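In this text, residue positions in the sequence shown follow my numbering: the first is 6, and each later residue adds one. Each residue gets a CB set at the ideal place from its N, CA and C atoms; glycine is no exception. Structure first, commentary second.
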Amino acid sequence: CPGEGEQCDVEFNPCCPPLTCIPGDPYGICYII
């Protein structure tokens with residue numbers, strides 16, 4: 006799984022830490038909303 010300042014997916018590879026995946030369509034970066 007990824008972390009803060011890394012890319013993430015909203016299908017199989019979500020953000021491990023309590024962070025958000027933005028944009029996340031399909032992929033994105035782990036940011037705080």
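- Query: What is the rounded straight-line gap between the Cα of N18 and the Cα of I37?
  - Reply: As a working mapping, residue 18 is identified with position 13 in the sequence shown. As a working mapping, residue 37 is identified with position 32 in the sequence shown. So the two alpha carbons sit approximately 17 Å from each other.
- Task: Work out the CA separation of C21 and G33 for me, nearest whole Å.
- Result: In the sequence shown, the residue the question calls residue 33 occupies position 28. In the sequence shown, the residue the question calls residue 21 occupies position 16. When rounded, the distance between both Cα atoms is 14 Å.
- Does the beta-carbon of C13 have 16 or more other beta-carbons within 10 angstroms, so that it is buried, or is it exposed? Looking up residue 13 in the sequence shown gives position 8. That one is buried.
- Task: Could you check if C6 is buried or exposed, using at least 16 other CB atoms within 10 Å of its CB as the buried criterion?
- Result: For the purposes of this step, residue 6 is taken as residue 1 along the sequence shown, with counting starting at 1. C6 should be labelled exposed.
- Message: I want to check one thing, is the minimum distance from the CB of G10 to the heavy atoms of the ligand MN below 6 Å?
- Response: Summarising the ligand content, the structure contains no ligands, and the ligand MN is consequently not present.
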